[PDB]
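Trainee: Sharing a structure, written as structure tokens. Questions coming.
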Amino acid sequence: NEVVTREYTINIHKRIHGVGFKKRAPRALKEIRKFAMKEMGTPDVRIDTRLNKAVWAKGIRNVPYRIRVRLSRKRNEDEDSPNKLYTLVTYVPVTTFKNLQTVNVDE
Amino acid sequence: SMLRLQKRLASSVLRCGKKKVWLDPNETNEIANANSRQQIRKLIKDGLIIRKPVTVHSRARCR
Amino acid sequence: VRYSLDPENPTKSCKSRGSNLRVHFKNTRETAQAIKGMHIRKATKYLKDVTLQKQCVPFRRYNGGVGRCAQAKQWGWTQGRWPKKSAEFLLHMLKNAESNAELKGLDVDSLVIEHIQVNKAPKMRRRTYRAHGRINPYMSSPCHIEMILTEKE
Amino acid sequence: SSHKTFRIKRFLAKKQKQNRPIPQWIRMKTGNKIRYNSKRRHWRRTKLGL
Amino acid sequence: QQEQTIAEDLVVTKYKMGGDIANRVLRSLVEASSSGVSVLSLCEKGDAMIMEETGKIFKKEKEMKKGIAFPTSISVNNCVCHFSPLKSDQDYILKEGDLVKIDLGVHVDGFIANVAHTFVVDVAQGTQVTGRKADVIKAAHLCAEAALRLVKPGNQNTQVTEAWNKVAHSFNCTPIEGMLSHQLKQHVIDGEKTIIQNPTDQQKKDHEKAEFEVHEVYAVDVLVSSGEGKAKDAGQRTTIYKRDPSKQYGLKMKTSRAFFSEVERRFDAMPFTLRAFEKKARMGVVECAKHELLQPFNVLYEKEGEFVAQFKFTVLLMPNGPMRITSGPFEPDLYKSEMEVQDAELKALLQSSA
Amino acid sequence: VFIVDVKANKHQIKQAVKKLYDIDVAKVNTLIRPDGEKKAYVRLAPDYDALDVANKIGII
Amino acid sequence: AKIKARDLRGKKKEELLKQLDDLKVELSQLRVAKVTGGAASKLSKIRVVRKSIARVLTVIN
RNA sequence: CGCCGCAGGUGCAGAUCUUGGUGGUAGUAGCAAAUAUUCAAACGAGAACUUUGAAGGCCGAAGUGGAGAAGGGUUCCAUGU
Ligand SMILES: [Mg+2]
Ligand SMILES: [Mg+2]
Ligand SMILES: [Mg+2]
Ligand SMILES: [Mg+2]
Ligand SMILES: [Mg+2]
Ligand SMILES: [Mg+2]
Ligand SMILES: [Mg+2]
Ligand SMILES: [Mg+2]
Ligand SMILES: [Mg+2]
Ligand SMILES: [Mg+2]
Ligand SMILES: [Mg+2]
Ligand SMILES: [Mg+2]
Ligand SMILES: [Mg+2]
Ligand SMILES: [Mg+2]
């Protein structure tokens, strides 16, 4: 199915390691976009604005170590575009990341 | 499409800065049709242009 | 207009041309030599791959300082690049060339780029400012491009 | 400057009126030999005499 | 897709009675037009009759608007069309033997019935009017009968203009350059489906190659001049304007804003006249025209001594033969020409009717 | 608003408008435009209306 | 409909000044039409009226 | 233009020669002073750079703020390309 929705947790700390201070938060959203491209196979990824705030919540260098996102593969609703499907990456606030699995979210 | 004129007019009508001018991102075409300060006044009255509040600089820690 | 290399069978040939195109002559010449002799569909896919940096054009003559790449091993070469502006300009000229093909009536699924040539256009002049009150040229190097496609299968 | 004399302002007035493109119908005149205004002046590029 | 058309029999009936009103007011105009009258007086009484008649009809549906679709325009021997003097403007006195050309429009539901006619005033009973002005009106009348006969979906729009050019050359006259008839839909007098007469290279390339389509309204309009075909301006105030609803702009004038609102309330989408307002109207119209919120309907002049004639009317297109709802009171018994038609197609179409 | 001669002062503009147009004016403000032409803002008397004087002049 | 200096010379000083005054009023109206659009006919009459003003003044002088 | 005479501002590879044009260098040096950008949308053929909104930042009142003198002279302001 191509209208699937799932919960993921991305190790931002793992993918940001080594990046300089003024490039850390911008690199985090490039790694989030790459994560959605790999997981959902869609070239078109749209980061939610609330997730953008969550990434930049602690500035440009102290990016949060883990982020809990939701990936939603949806039809593009614009037939003129080359891509049939796009992935909307939303922000999921969580109190803790322990024992958090990649789960399926229904409609 | 390009609300540089409208933001400048709204700051002068509201007697604030362009920092404090909030043009509606959804009613972009309605703002763009306003080319006079009186039209800006109608938009401000009708809630399409809001003067944002001052950034909080509290003195509670100082006190 | 007087092309060079008039086609052997002008009935089964379509022509396209551009003049004073503001792209680098050296980059466009190498791209033209890469797509020469290609099929029309293969050249269109190749130029789209060049912009996506999945295939590269080999810089064979104007290769001073051009870096190496892994995709140059597709050709018998080591140096290659991905000129985006040259690939987009040649893609526009290819669409014009194939549009002339439907107008003449010959089908566009068997067209092959038999002729392609990049000439130097007259230079445009600009200025740059140097250390001790000196003005030096900042010239542009535009180019004319002409191509001839031919039905063959 | 904002402060100026009448003679200077009149001088700038003539230069303003003089700095304009040639009319389009000039090209259609017989034996024109005029392509474009060769005396066009830009404020930043070439400064006035005064 | 929601626009209305002739597919309703209620639309059919309101077309017919509105055309009957438009015909009865042209008849009252041509009877009232005697020597010593003022064109300003004739236009204001003609529009007054229209307003009271439209108000007294369809009083059971007053959510819509009923009234003038085009102001009463009366042109005499020197004006092509779109003529409506103001009270402050100079007047014209009607004399003996002058031919005058009256345009008029009535609307219901935004659907419009439009009609015009050319006639000589103070004509003695049973007598003959001759001259170079007596064949231009006859050729234009043959153009009106040509439009009536051949208006049918299945024909190219260029056949109309070549037929009008052919009858013009036969009569040694020419049409008016750049005159456009229009397709009429709801609240529209400037329909995109347009018909050109007397074209040139520039107007031909701007025109559209189209074919007439079933179940719609047309306003076939012919303007024939006995002269050369030159129409220009000699400094007369343009009075007729039409609101353009596609565009808008921020008005900087209180009087122009009030004037534009008055256009919205009374003549929102269709041409009007400045007579209906005037001291503040003349100021409020120039700035709206400057920013292209109102399309001016300029007055046109020709060389003094030349003569032009108009003939237009709304025609309904139905596959079982088109029908006419607006007609002008012309009689060929007292009008004859010095030159006759020599084309077989032209003499066939004037004989035949749908 | 008028475009007047560059040598005419406020008194001359005031008398010229009165004679040419048979109206009385209250005051005349004067500037010189950047293109060199003098422009006069001629206020009219309270009993005179600039709207219908503009009509009889022909600039409405 | 033009003005000729040949037949102007018989006129007295009073009606010569009257004819000049009418031409100046006509020219001022033609300048009004020039800035308010006007027409090509009224624009081309500007030079004709200006020449007539010069003609009357030449005969007066 | 040939032949008979006549008269020269009469023959170029140079002169760090004069003027104009063009190469290799070379798609090379380089586009590294003053911390910094990101997400979404709109217009648009086309958006890292335009505009709006949301964030994160900087100037930190001896300002990257608000106004003037000299100087500039229409750069001011709308619309359009
Ligand atoms: Mg090298
Ligand atoms: Mg430099
Ligand atoms: Mg220097
Ligand atoms: Mg400087
Ligand atoms: Mg002053
Ligand atoms: Mg020598
Ligand atoms: Mg030599
Ligand atoms: Mg040499
Ligand atoms: Mg030597
Ligand atoms: Mg480099
Ligand atoms: Mg660099
Ligand atoms: Mg700080
Ligand atoms: Mg400052
Ligand atoms: Mg500016």
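Every residue number used here counts from 1 along the chain in the order it is shown.
Technique stated in the header: electron microscopy, 2.8 Å.
Including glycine, each Cβ sits where the backbone N, Cα and C put it.
So Swiss-Prot has the following annotated:
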- B:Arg4: citrulline (MOD_RES)
- B:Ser12: phosphoserine (MOD_RES)
- B:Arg15: citrulline (MOD_RES)
- B:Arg37: citrulline (MOD_RES)
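Locate each feature and note its surroundings.
Mentor: Taking a C-beta cut-off of under 8 Å and a sequence gap of six or more, B:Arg4 (citrulline) has no contacts in its own chain.
Long-range Cβ proximity for B:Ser12 (phosphoserine), meaning a same-chain Cβ under 8 A and a gap of 6 or more residues, is found for B:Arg37. DSSP assigns B:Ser12 (phosphoserine) to a helical segment in the three-state reduction.
Its Cβ placed at the centre, B:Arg15 (citrulline) has 8 other Cβ atoms within 10 Å.
There are 11 other Cβ atoms within 10 Å of the Cβ belonging to B:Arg37 (citrulline).
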Trainee: Out of B:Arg4, B:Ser12, B:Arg37, which modified residues lie by ligand 14, with a C-beta less than 6 Å from some atom of it?
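Mentor: Not one meets the Cβ criterion.
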